[PDB]
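S.K.: The data below comprise the sequence and an experimental structure of the protein.
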Amino acid sequence: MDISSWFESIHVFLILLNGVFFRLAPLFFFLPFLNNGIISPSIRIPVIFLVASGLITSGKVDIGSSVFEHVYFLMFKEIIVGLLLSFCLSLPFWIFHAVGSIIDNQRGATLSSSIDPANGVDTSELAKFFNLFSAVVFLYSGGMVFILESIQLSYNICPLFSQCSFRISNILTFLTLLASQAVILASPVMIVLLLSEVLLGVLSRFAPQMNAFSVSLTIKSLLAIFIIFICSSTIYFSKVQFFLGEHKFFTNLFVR
Amino acid sequence: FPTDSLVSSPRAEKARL
Amino acid sequence: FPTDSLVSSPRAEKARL
Amino acid sequence: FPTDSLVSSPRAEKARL
Amino acid sequence: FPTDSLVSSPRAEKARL
Amino acid sequence: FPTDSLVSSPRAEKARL
Amino acid sequence: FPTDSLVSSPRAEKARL
Amino acid sequence: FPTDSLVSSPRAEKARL
Amino acid sequence: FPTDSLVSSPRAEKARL
Amino acid sequence: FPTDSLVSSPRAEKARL
Amino acid sequence: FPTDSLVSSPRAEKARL
Amino acid sequence: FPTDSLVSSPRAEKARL
Amino acid sequence: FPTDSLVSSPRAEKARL
Amino acid sequence: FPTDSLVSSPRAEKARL
Amino acid sequence: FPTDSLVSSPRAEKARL
Amino acid sequence: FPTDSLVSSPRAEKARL
Amino acid sequence: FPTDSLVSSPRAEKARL
Amino acid sequence: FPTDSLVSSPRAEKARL
Amino acid sequence: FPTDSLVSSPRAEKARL
Amino acid sequence: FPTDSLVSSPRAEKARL
Amino acid sequence: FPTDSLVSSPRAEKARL
Amino acid sequence: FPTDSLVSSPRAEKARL
Amino acid sequence: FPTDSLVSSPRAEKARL
Amino acid sequence: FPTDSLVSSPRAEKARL
Amino acid sequence: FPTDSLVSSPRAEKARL
Amino acid sequence: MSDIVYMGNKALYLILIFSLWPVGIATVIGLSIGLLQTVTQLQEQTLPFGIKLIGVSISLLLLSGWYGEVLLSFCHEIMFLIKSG
Amino acid sequence: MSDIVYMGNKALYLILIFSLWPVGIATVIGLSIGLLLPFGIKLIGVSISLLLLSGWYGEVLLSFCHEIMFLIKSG
Amino acid sequence: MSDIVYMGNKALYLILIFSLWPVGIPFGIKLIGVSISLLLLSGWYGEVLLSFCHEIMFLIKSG
Amino acid sequence: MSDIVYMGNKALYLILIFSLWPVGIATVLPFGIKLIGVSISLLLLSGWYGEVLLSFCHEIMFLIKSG
Amino acid sequence: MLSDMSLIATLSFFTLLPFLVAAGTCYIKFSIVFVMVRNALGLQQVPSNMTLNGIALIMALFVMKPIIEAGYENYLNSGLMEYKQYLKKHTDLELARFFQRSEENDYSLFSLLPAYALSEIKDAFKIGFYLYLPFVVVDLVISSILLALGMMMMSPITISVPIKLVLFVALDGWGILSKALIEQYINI
Amino acid sequence: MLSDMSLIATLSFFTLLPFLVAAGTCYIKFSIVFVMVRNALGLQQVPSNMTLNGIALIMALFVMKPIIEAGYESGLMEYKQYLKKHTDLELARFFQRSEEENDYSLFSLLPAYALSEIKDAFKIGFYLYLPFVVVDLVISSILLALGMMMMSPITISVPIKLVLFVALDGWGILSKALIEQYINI
Amino acid sequence: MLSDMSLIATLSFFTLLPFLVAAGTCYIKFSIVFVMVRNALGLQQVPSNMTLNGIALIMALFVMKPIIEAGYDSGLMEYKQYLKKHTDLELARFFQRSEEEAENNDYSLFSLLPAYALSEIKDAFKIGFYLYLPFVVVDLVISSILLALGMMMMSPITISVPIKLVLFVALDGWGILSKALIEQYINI
Amino acid sequence: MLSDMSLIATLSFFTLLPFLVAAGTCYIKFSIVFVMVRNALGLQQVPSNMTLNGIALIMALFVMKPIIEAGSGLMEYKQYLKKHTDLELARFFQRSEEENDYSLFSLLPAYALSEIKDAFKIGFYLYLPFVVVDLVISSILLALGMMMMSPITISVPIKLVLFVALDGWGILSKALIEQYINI
Amino acid sequence: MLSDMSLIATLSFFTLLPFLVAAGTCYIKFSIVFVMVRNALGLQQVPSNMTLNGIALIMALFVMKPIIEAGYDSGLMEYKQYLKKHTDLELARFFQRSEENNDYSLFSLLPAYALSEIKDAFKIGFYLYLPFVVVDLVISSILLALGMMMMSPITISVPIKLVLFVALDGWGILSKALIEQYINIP
């Protein structure tokens, strides 16, 4: 009876769904809008599986010929590719979080934890605000379509049932790329606050018996927030620049 | 809308244009 | 609404326009 | 728009062209 | 409603308009 | 409710209006 | 209830009105 | 009940009124 | 009970009243 | 018992009254 | 238990009374 | 047991009494 | 597109070329 | 066990008493 | 494009080459 | 075990007693 | 591509070679 | 074992006794 | 690739060898 | 082994004894 | 390949040997 | 062996004995 | 290979030996 | 070996023993 | 090897012995 | 133009406005007390902190109603935007 | 909800008045010793002030807590 | 209550007396004096703290 | 608790000895001479400080091995 | 009524009802918004997630009443078409176009439901970011004041919570927010 | 014994009983207030949240005794009256309008009661936070004026807050006040 | 074995055992005191919280052994007597008034357990306050010494931990604390 | 093979196995010592707790090898406890429980408290050289005049190089296991 | 497939994977070195901690990829050989003696490997902290020489260190050096 064939087809479909979920979960981790602190575990998994089902039924998933016998190599390849994809897609949020954190450190609110790594202020608020701002701007500028297209490209480059080789020398530059972008973006605030505290130091040099630390903290806070406000015109296009850069970057990671 | 000023929000710029 | 000289004040801009 | 503008913006450059 | 005070609440602006 | 007060509460402004 | 007080409670303002 | 003080307790203000 | 001393507890106020 | 002192514990006030 | 003591524990006050 | 000394243990107070 | 402010946006470089 | 010491361990106080 | 400028963006280097 | 030295660990006090 | 410079990303050295 | 030395371990005190 | 340079740049060392 | 030297290990004290 | 300087990569030492 | 080096070491003492 | 060099390494000592 | 305070490794003491 | 005395490498001490 | 960016700039603008007066009073007090200490050679840091505390407390006490009114207006605007998002 | 702003004003004034006495006496000691190790004297002064005003602080704070409890009794 | 006030006053008095002597007895000379005072009075400090803790333990056991 | 007392007194004496030499040299160009003197003193005595500290660390490791 | 096949289909559908509701209704938006607001207040576990989830479920039932009625009238005793129309009304065009197979009205809820879920997540996150603004304003003001006073060893978390609670109470918070959400999802 | 379908309804109600309690009784206010007090004291997880939830559940049972007994001997009307007298009717009317277009349906009363109770609990929490915030700021000011730029006040404010809450009697008087507001009417 | 209804009763009681212990069996005092000592010593995760909970549970079981033995109406009466011994009766009477509708009866079980729990929490906070005093004294003394030395950016908590630990070792600490608590909660 | 009651006992023991290990074996000592060392070295979370806990668990497994091989083994475990616990506290708990052959219920809390106290003592012993070097660095910085310079950001390299020269973790683990081994 | 017992073994091994990686493979050294460099820069959160942990995990997976591939079994002996290659054998011999050149056991080898990796990581951190300590000392000395002594070089030094480190690309060369020390980059 054809019911047996139906059961076989459904179970094969479920296996493929499990594979796509294997690839998608790291992406669902390194993403600060569907972060696992705002979506319940009883809603996250069905959404992930529905996305996987839509992707596979749309015919945008590439499958080879089941070349590698042992499934463990396939599993670890899928895990590492998922981690690489998540890192590629989390770069704008991470770099803006870093910008916020270093600006907060410049202000001095988290300097207590900078001195003592045990206590103080180890949680930043301006950094979280910047992270949310960048996340929502990316999301409403076409983020979901770009993420899905990146997933499709990842499937295209390294298909599910094949072995692919990576560029180590090209994936070892992620950390320096992140740091460079953060320092580039936060350069105005950094230089303004540094010059302000240098000038206050000169004032203290010409004013011997005076406490300059509290005044420095106050002026740093005010100047930092003013500069951030007047700098809210150089943030939008960076999202599109990150679109192009991350797309070509993730393209140039495998032995294509 | 004087040109030599502060931030000059985008509505002012579009009004100038 | 002569000149803010430091802020935007959208109501002021719309009133000027 | 001026030449030595206070601070560049995409609309300023697009209008410059 | 003086035109030059410390605080310019929205009610003050609406009243002046 | 004097006009030359530093900062007036919403009740003060509404009464002055 | 002096009119030149620094901080006035809402009860003070209501009594003055 | 002298007035040369900051925000006073409700009993003091009510007694003064 | 004195009145020209520092801030006192509500017992002092209710005894003075 | 003293009437003018730096500290007025509640026991002292209740004893005075 | 002199009244001129800098500090006075509750036992001291109760014994004085 | 000096009477005019600073804070003392309960043993000292109950011994003085 | 003056050469001063020796850092220029990509639009400036593309217009230069 | 001489007196007038700043601190007094309970053993010293008990021996004195 | 100049040669002695402090900025040598990759697009500038490619254009110079 | 001299009593003019403040190093008076409980062994010293017990020995003196 | 003068050698009196900084890190000089691999494109510069490859072109000089 | 002396008695005019600095702070000493309890072994020294026990040996002295 | 002068020897009296700043950064080693392993490719530069290979070229000099 | 010395005796006027400052605090030493228990091994030194036991050997001296 | 002067190894007396700070910048002496392992390639430099191998070539010097 | 420096019997009076003002430092301590278990090996040095065990070698002294 | 020198002995009064500014920087050495296990390579240097092993080769010198 | 110098047998003095330059460097005292365990090997140095073991050899000098 | 010379009496460097800065800090002796284990290989240096073994060769010296 | 990009309602999200508009709201972000509005929030930063409100931040600057709210934090202007207390921060300014604190830095003015600190500089004045430092100059006085330099002139009369006292070398004490407790006085500026105490007077700063008094001034900041008084200013924050005085500005509470206006702060609340502006914040409530902003929140109502946000709710209005939510109604037709 | 004027009671909320009233409570905020009460809290601010209480903080200011509680910080007034020890910080003020520390400042007085500092200026007096600077007019002609200041930290030791300052600490002795603040410790004495805290020892003297401990009961007053406690009773005032307990009165405030009782007032808050009365407010939340049927609020 | 009674014992709470006594313990608070005792803690404040301990703070006062512990801050009294080492401070009350040339930054390098000040540092070496502080070190000497700590070395000489360490036993007394520890014994006073231990006696205070024993008072605390007695108060706990009494309940 | 003899070991505790010995370790505490030894730590205090080590602090005293370590912070005695540079303090005596410095406290007992407005700033360059002092900086270079302190630096050369510390550099000369750095090896001795390290050896003493390592010996104390070996002693405490042996003590905790014993009990 | 349900002889031997409609019974199997109905039981299967009711067994998949939890996930179908949790990934194909308005419950996702309400749950995400409530969780994000609760986290924006500075609290972590003060309101239990059971309460917020129950409120979200009740609101989802209120929104889904017409389609539920139509489905009960048709199937148990046309509803699929109404559900598809609802998804079409509340989805994003770009996501559905992507989920279409290839080669440049979107249907097949099999390929439309993921688009609806992603659109709901995106909208809920936007609402949460909108609601985060006044609270982050309070936090930054408190941080600036604390730094101005000279104290830096204490985080503004201790003082931010009462002020955020006061702001939310004065705004009336939950009632007006729920009214706004229901007005957004009910126009007719 | 019991009827067939009535048995199904009773089993369904008992299955949904924990969620109905969590979103439909005074347990919300007690739980929120106790968690707020715990957070205000500065402790992380010392009060053993199981204990606080158990106390809140017992207090909720004490509050719900009249309505439960009234329904034990048609208590649905009594439950509706309780909700109506302990909620804001504007939200209930809005949810009623969310339907087709003084009945106050039970489904329309639960969200209104839940949101109103949460708002009231947040107000109570704010009223509770004030003395502890005052203590923290006072001790921080004293430490800073003393001359110390370190030693965060949160390592010293815990004993002071604890002794203040002990002198106030804290939990007992707070629970008495809450239950007096709710049931003593 | 056991009857039908008695089986249900005992199974329900065993099911509610963790929450019955949580509502108060002298375990609350031990757990709170141990966690407060851990916080006071400046440690955040070192004493392995599960270990403290285990020793607290063992002590609570030792204290509850007379109740269990005298149990098996006898067990309920002995438990009520123990509660009345270790509670504040005024709150119990208040809860009796709240439950029923000033009297003089033995007591009510449901009206006595929350009173015992709250009294236990109050006593636990009292003992915690007693315990924190020497540690805060040591912290302040070290901070004063560091400040008088001249250093302004040296965190006292970096160096206060060894002194606090050695003081607590000299006091013998945990053993004496457990003895004090068990002597509070034991007779004779 | 365990049909009726040995099966229930085995399942219960395995359910309580992690708690018994954490509160009845030597794992507490090693875990506390490692966390104390990490805190002393001025590091927030660099040696993640998973690694230290795994090392402590492996060392505890090595220590409990004779106890495992004994299993009758209950008496051997009791002998080990009495060997390494404090007998006075066990006697006091026995007196409290009742009204030679110390009870196992009495032995567990006594052993736990003794291990905690010994771990604190050895942690205090380990803290001393790091405290000394930190204070020396702070003092020399004060002498140079860098009053506002942070000593924490500059003493971490010295602490780390000292711990490396001491060989640190290897010798510490050797000392701990030698204390708990050799019967 | 996994009929009766290999299934249990595989499930247990997969469930113990996090702890095995944390106390086992090269993840420890990379994580510790990265956190040490981050602390040496003077800022606690310049990169996100999750980012550094993920990068270390990816590098560890790349290091273990040849081991897994050679396993195809023989993977256990390959892992033993790797552990022997990258640890001190004296500590392993001591642990094995405690248990009771023939061979080595995993139980006697894992803690020794972990301790050796921790020691090497701390050595690398100490070697790397010194230039940034030098920059901080230089800033403090400049401030003292100019006369202004109440300023805090903490806020001044961090931007300088950050800009230098990102300008000379410290992270990329550091990662390349570490993974080259462990294996050969293609």
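M.R.: Perfect, thanks for sending it. Numbering: from 1, shown residues only, chains lettered A, B, ... in the order given.
S.K.: For chain B, which residues are neighbours of chain C?
M.R.: By Cβ under 8 Å from any Cβ of the partner chain, the part of chain B that sits against chain C consists of B:1, B:2, B:5, B:6, B:7, B:9, B:11, B:12, B:15. (C-beta placed from N, C-alpha, C; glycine too.)
S.K.: now the helices: where do they sit in chain B?
M.R.: B:10-16 (DSSP state H).
S.K.: scratch that, chain AD
M.R.: AD:6-15, AD:17-24, AD:27-40, AD:49-63, AD:65-71, AD:79-89, AD:93-99, AD:109-149, AD:157-171, AD:174-185.
S.K.: any idea which of the residues of chain B next to chain C has the most stuff around it?
M.R.: When those are compared by neighbour count (other Cβ atoms under 10 Å in any protein chain shown), residue B:9 ends up highest, at 20 neighbours.
S.K.: how close does that residue sit to chain J?
M.R.: 59 Å (Cβ to the nearest Cβ, to the nearest Å).
S.K.: for residue A:60, same thing?
M.R.: The value you get for residue A:60 to chain J, if Cβ to the nearest Cβ is used, is 78 Å.
S.K.: can you tell me the helix or strand for the closest residue in space to that residue that isn't next to it in sequence?
M.R.: Of all residues not flanking residue A:60 in the chain, residue A:152 sits nearest, at 4.8 Å (Cβ to Cβ, 6 or more residues apart in numbering or on different chains). Secondary structure from DSSP states H and E places residue A:152 in helix A:144-157.
S.K.: cool, and residue Z:73?
M.R.: helix Z:64-83.
S.K.: Quick check: residues of chain Z near chain C?
M.R.: Z:13, Z:17.
S.K.: And the helices in chain Z, which stretches?
M.R.: Using DSSP H, helices in chain Z cover Z:3-40, Z:46-62, Z:64-83.
S.K.: Is any residue of the second one near chain AH?
M.R.: What it means is helix Z:46-62. No. Judged by Cβ under 8 Å from any Cβ, helix Z:46-62 stays clear of chain AH, getting no closer than 12.8 Å.
S.K.: That helix close to chain AA?
M.R.: Yes. Helix Z:46-62 is in contact with chain AA by Cβ under 8 Å from any Cβ, via Z:46, Z:47, Z:49, Z:50, Z:53, Z:54, Z:57, Z:58, Z:60, Z:61.
S.K.: right, and the pair among those with maximum separation?
M.R.: Z:46 and Z:61 (22.4 Å; Cβ to Cβ).
S.K.: Please give me every residue in contact with the residue in chain B positioned nearest to chain AH.
M.R.: As assessed by Cβ to the nearest Cβ, chain AH sits closest to residue B:7 within chain B, at 25.2 Å. Counting by Cβ atoms under 8 Å, 6 or more residues apart in numbering or on different chains, residue B:7 touches A:229, A:230, A:233, C:8.
S.K.: Check the offset of stretch AD:11-19 from the chain's centre.
M.R.: 21 Å (Cα atoms, centre = their mean, to the nearest Å).
S.K.: same question, stretch A:190-204
M.R.: 33 Å.
S.K.: ok, residues contacting it?
M.R.: So stretch A:190-204 is contacted by A:102-103, A:106-107, A:183, A:210, A:212, A:215-216, A:219-220, A:223-224, A:227, AH:143, AH:146, AH:148, AH:150-151, AH:155-156, AH:159, AH:162-163 (Cβ under 8 Å, 6+ apart).
S.K.: In that stretch, which of the residues would be classed as buried?
M.R.: Using 16 or more other Cβ atoms under 10 Å in any protein chain shown as the test for burial, stretch A:190-204 gives A:190, A:192, A:193, A:194, A:196, A:197, A:200, A:201, A:203, A:204.
S.K.: can you count the residues close to the closest residue to the third one other than its chain neighbours?
M.R.: Just to be clear, that refers to residue A:193. Nearest residue to residue A:193, sequence neighbours excluded (Cβ to Cβ, 6+ apart): residue A:106, at 4.8 Å. Using other Cβ under 10 Å, residue A:106 has 26 other residues around it.
S.K.: correct me, but residue A:106 touches residue A:220?
M.R.: Yes. Between residue A:106 and residue A:220 a contact is recorded at 6.7 Å, counting by Cβ atoms under 8 Å.
S.K.: where do the contact lists of the two overlap?
M.R.: With Cβ under 8 Å, 6+ apart, residue A:106 and residue A:220 have common neighbours A:193, AH:155.
S.K.: burial of the residue nearest to residue A:60, as a residue count?
M.R.: 16.
S.K.: cool, and residue AD:52?
M.R.: 22.
S.K.: In contact with it, which residues?
M.R.: AD:31, AD:34, AD:35, AD:38.
S.K.: is stretch AD:116-132 up against chain Z anywhere?
M.R.: Yes. Stretch AD:116-132 comes into contact with chain Z (Cβ under 8 Å from any Cβ), by way of AD:123, AD:126, AD:127, AD:129, AD:130, AD:131.
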